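Q: Let me begin by handing over the structure; questions about it come next.
Reconstructed Cβ throughout: ideal geometry from the backbone, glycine too, with neighbour counts over all protein chains shown. Any read-out appearing in this document is the output of simple, stated calculations on the displayed coordinates, not a laboratory observation.
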Amino acid sequence: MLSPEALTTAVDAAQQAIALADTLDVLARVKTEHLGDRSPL
RNA sequence: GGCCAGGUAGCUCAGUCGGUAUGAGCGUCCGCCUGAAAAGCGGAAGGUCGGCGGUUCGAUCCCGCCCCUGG
């Protein structure tokens, strides 16, 4: 699960959803899913 | 003077001498529910753990000065 290849796939969907965040409210949700305490990272 | 105890979520406070503060109660949001609510049940959001530095792959947790609280 640690695999740096699978690790890179996590930062991919993060920055992708971050770049696809159009509003500040969507970002706060995106930050929760990709940077919060329950995020895969 | 030099040593102590404290600073932690919106409020009142626990807790940790390195990888989750599974933080609590209340406060906020969603669902079931109701004409609409609340409780109840179920699901979530939110803290840069007092500031600035030092070490470490990584410090609320280990080192130094200071901000301010009763000692």
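Q: Within the set of pairs 6 or more residues apart or between chains, which connect a residue that is without any contact (Cβ under 8 Å) to a residue 24 or more places away in the chain and β-branched (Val, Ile, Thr) inside segment A:24-37 to a residue that is part of a helix (DSSP H, G or I) and more than 7 Å from RNA strand B (Cβ to nearest atom) with Cβ atoms less than 6 Å apart?
A: Close Cβ pairs (under 6 Å, with a partner that is part of a helix (DSSP H, G or I) and more than 7 Å from RNA strand B (Cβ to nearest atom)) amount to A:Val30/A:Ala17; A:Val30/A:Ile18.
Q: State the number of residues belonging to segment A:1-34 that are surrounded by 12 or more Cβ atoms within 10 Å (Cβ to Cβ), among the aliphatic types (A, V, I, L, M) and in a helix (DSSP H, G or I).
A: The number of residues fulfilling the criteria is 10.
Q: Yes or no: A:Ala6 away from RNA strand B (no atom under 11 Å from the Cβ), of a type outside the set (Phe, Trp, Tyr) and more than 12 Å from the chain's Cα centre (by Cα)? Break it down into steps so the answer makes sense when it comes.
A: Details: away from RNA strand B (no atom under 11 Å from the Cβ): yes; of a type outside the set (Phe, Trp, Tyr): yes; more than 12 Å from the chain's Cα centre (by Cα): yes.
Answer is yes for this residue.
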